[PDB]
Structures are given as structure tokens and as C-alpha cells.
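What follows is a set of notes on a single structure, which appears directly below.
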Amino acid sequence: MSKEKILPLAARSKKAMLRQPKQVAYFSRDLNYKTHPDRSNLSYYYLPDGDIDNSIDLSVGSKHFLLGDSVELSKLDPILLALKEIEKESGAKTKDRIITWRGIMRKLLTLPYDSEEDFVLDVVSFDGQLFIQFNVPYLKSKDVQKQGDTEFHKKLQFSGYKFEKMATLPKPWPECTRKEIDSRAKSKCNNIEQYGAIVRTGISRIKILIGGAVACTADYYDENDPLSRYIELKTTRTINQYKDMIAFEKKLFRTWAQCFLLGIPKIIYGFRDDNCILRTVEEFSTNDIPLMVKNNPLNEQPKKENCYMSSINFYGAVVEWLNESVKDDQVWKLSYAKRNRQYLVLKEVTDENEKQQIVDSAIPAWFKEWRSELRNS
């Protein structure tokens, strides 16, 4: 056996705090997965009270819903590309340490308290930088098991995507026409067409380059501080009892972990019934979620220990564990599943063919040749 690293679930770092994230790049992913460095897919939020009062259906058009490949959407092509432009128009190597997507860090931070999903991730140490990706065998296993997930889960996913499509506009409201507003329900919904932002964040003595999709923006693009006007939209079932309260608080913690990484201040939630009809909508603030969750009049004292602060501490502990747990020119695999329930496992791969295929499926050829050119120059 190789030198196996055990990360306990109770490991915490009391001196861990999040540095202020700052956006460094943006990109738009089109139908053919061709990343472009512009704002073609950036959308703008607009939803008055009349839409909520009209009881807009959310399940309409689910027959022709389009799906995207997990491998293509999980590839680090846009982040590495934006790295290529920032390297070209910077002239010197960056100061970031771990380079990854938003979902990986979301799951890896949310794991201690919301762990109904197993994950195996590949870590590549190249030129002093860290590349984190979903494991390709794990990707195809996930696709195989997802292909037989009945029809309710895809119905809920399409309901969320339809809410996202209906609540936003492709252009700001003053420049939009009446045809582009009343035809939102007659459009095509898919997950391939997206807009994302790449943001540099920091924690402890570690710098991370996080790529993540952004649903839309408040009213316009702020060139001074783009992250101030960002906004995220999610769909949950209507709340009617204590069990609904508990479920919604767990979902709130998960999506707050998802949103806080990119520094998005405002979140919007459309509550729907079992008939996929938008019942209501409301706003939330990312900084204000922990205080309102803790100070809940119905359940004032469920726990003396706030999950959010310990989640931050665990995130710091795991990121420093990754910082001084992998050496240069090394490929590792970390995992978490049902059987552990106490710790995360990390192993080092020694197979030459497996390492080569992981590197090839993780890093594209153009990024490698551009890195070689930069090293030569």
C-alpha cells in the first residue's frame, strides 16, 4: 500500500478566515463547449410581483429539455484558458496555489454536515500549481447511475432551470423589447449554455482560483466591483411544517457554502408546490444567512455550535492539508464515501499508465504547450 493520508472530520483550524474574493476573469460557454472571454451569456434579473401572482407554471416544456455531458461540463478548459490570457497579458506567473471549479470546493466544504454524496477527485501538481478535477471513472459511473434516476429528479432540475430562464433577461430592461419579455416561457432551456466567472480567493496562507457559473446580475455590469451586483437563483419546495423547516435549513447551508466562495451577496429562492407551480419568491443575503439561521424564533437553541464557523475552520484545515500534503510533479486521488463516515481518504498513484492517462484527460495539450513556451521564455 502507498502512504495513505487520513483527514479526520473533526479537524479544525481556529486561525482560518476567508480573504475578500476579487473577480479576475469571465467567460461564456456556448452549445459546442467553445469558451469565449466575453459577456455574451451574462443575463440580468427582472421579476415583478405580477409574475408571482399569476402562478407561473415551472414544468412546462420538460419534454424537450436538453442535457449536457458531465465530462465536458466538468473539464477545466475555461479556467485554464482564462489563465492563458491572464498569463499572456500579465507576463509573469501568478500567485495562486490551488486552481479548481466552484462545485469541488462547495462539496469539499459542505461534506462534514451534508454528506449524502460520495466523491473521488484527482489532484495534479504541475509547475507548483494544483489542478483538482472529478475522477473520470467516477464521472462515467455517475453518468451510468444517473441515467436510471426515474423522472422526478429531472423534473425538479428542469423546474429550477425554467425558473432561472423565466426570472432573467438576456439584455438590461431598458434595452429589451416586449417580444423578448413575453417569449421567455417559449424559449429553450439547457445547461450547456452558461456564463461563468473566475475569481481569486484566499484563506490562511493559500490562494485559490475558483471558477463558477453565475446565474445573472442585479441590473447592470459593475466594472468597479463586478461581484457586488451578482445574484444566484434556486428552487425549493414550499415550507409547511417543521420537517420542511429542517430540510430548507440544510439546503440553505449547502447553497450558502456554494455561494459564499464566489462572494455573491444576494440570493433568490422560488418556492413551488408539488405541482411545479411557482408559489412564492423571496430574497436572502449571504452575510445575513448565519445570523437569521441561528436566531430562529421557532427553534432558538437546537445547537450551541454554529455550523458555518466550523465549516470555515474545516475548509481552512483541508486546504492547508492539501497545501502541505502534496509535493511537486505528483498525482493524487482523494475520496469520501459511505463506508468512512469519520474521515476523508487520500492516496498516491504510482502506475505510470494511469498517471499519464489522468494527466492527459485532466490537462489539455494547448495548455501544456503554452506553459512550456512560458517556461522557455
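Here the Cβ is made from the backbone with ideal geometry for all residues, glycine too, and neighbour counts use every protein chain on show. No lab work stands behind these numbers, since they all come straight from the coordinates.
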I need every pair where a residue in the range 102-114 that is touching a residue at least 12 places away in the same chain (Cβ under 8 Å) and at negative phi has its Cβ under 9 Å from the Cβ of a residue that is of a type in the set (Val, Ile, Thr) and part of a helix (DSSP H, G or I), sequence separation at least 6 or different chains. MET105/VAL319; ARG106/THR255; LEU108/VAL318; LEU108/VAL319; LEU109/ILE312; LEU109/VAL318; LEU111/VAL318
How many residues, within the range 174-201, are closer than 27 Å to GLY68 by Cα and part of a helix (DSSP H, G or I)? 6
Residues of the range 345-377 satisfying the condition of being under 25 Å from the mean Cα position of the chain (by Cα) and polar (S, T, N, Q): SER361
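Where residues in the range 113-165 are among the acidic types (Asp, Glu) and not in a helix (DSSP H, G or I), which of them is farthest from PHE271 (Cα to Cα)?
Restricting attention to the range 113-165, the residues satisfying the condition of being among the acidic types (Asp, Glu) are 114, 116-118, 122, 127, 143, 149, 151, 164.
Going one step further and asking which of them are not in a helix (DSSP H, G or I), we end up with 114, 116-118, 122, 127, 149, 151.
Numbers: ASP114: 21, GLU116: 23, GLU117: 24, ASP118: 28, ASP122: 36, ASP127: 46, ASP149: 23, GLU151: 20 Å.
So, considering only residues that are among the acidic types (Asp, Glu) and not in a helix (DSSP H, G or I), the one farthest from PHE271 (Cα to Cα) is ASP127.
Working carefully through the options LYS63, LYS3, find the one that is more than 30 Å from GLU175 (Cα to Cα), loosely packed, with under 12 Cβ neighbours inside 10 Å, over 22 Å from the mean Cα position of the chain (by Cα) and in contact (Cβ under 8 Å) with a residue 40 or more places away in the chain. Please lay out each step first, then the result.
Working: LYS63 fails: in contact (Cβ under 8 Å) with a residue 40 or more places away in the chain.
After ruling out the rest, the residue left standing is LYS3.
I'd like to know if the range 363-374 contains one or more residues that are in contact with a strand residue (DSSP E or B) (Cβ under 9 Å, 6 or more places away or on another chain) and crowded, with 16+ Cβ neighbours inside 10 Å. I'd like the intermediate steps shown before the answer.
Restricting attention to the range 363-374, the residues satisfying the condition of being in contact with a strand residue (DSSP E or B) (Cβ under 9 Å, 6 or more places away or on another chain) are 363, 368, 371.
From what is left, the residues that are crowded, with 16+ Cβ neighbours inside 10 Å are 363, 371.
Among the residues of the range 363-374, at least one is in contact with a strand residue (DSSP E or B) (Cβ under 9 Å, 6 or more places away or on another chain) and crowded, with 16+ Cβ neighbours inside 10 Å, which makes the answer yes.
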Sole exception among (1) in contact with a helix residue (DSSP H, G or I) (Cβ under 9 Å, 6 or more places away or on another chain); (2) aliphatic (A, V, I, L, M); (3) in contact (Cβ under 8 Å) with a residue 24 or more places away in the chain for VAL345, by number: (1)
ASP143 fails exactly one of (1) closer than 24 Å to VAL60 by Cα; (2) among the acidic types (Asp, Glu); (3) touching a residue at least 24 places away in the same chain (Cβ under 8 Å), namely (1)
Would it be correct to say that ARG272 is surrounded by 13 or more Cβ atoms within 10 Å (Cβ to Cβ) and either of a type in the set (S, T, N, Q) or over 28 Å from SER70 (Cα atoms) (or both)? no
Matching residues in the range 72-96 (farther than 24 Å from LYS165 by Cα and in a helix (DSSP H, G or I)) number 11
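Can you find, within the range 81-100, the residue that is nearest to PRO364 (Cα to Cα) among those that are surrounded by 13 or more Cβ atoms within 10 Å (Cβ to Cβ) and of a type in the set (A, V, I, L, M)? If you could, list the steps in order and put the result at the bottom.
Here is the first cut: in the range 81-100, the residues surrounded by 13 or more Cβ atoms within 10 Å (Cβ to Cβ) are 81-84, 86-87, 93-94, 96-100.
The next check asks that each one be of a type in the set (A, V, I, L, M); those that pass are 81-83, 86, 98-99.
Values: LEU81: 10, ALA82: 14, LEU83: 13, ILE86: 17, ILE98: 18, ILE99: 15 Å.
So the residue we want is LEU81.
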Looking at the range 240-248, is at least one residue surrounded by fewer than 19 Cβ atoms within 10 Å (Cβ to Cβ) and either in a loop (DSSP other than H, G, I, E, B) or in contact with a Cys (Cβ under 6 Å, 6 or more places away or on another chain) (or both)? yes
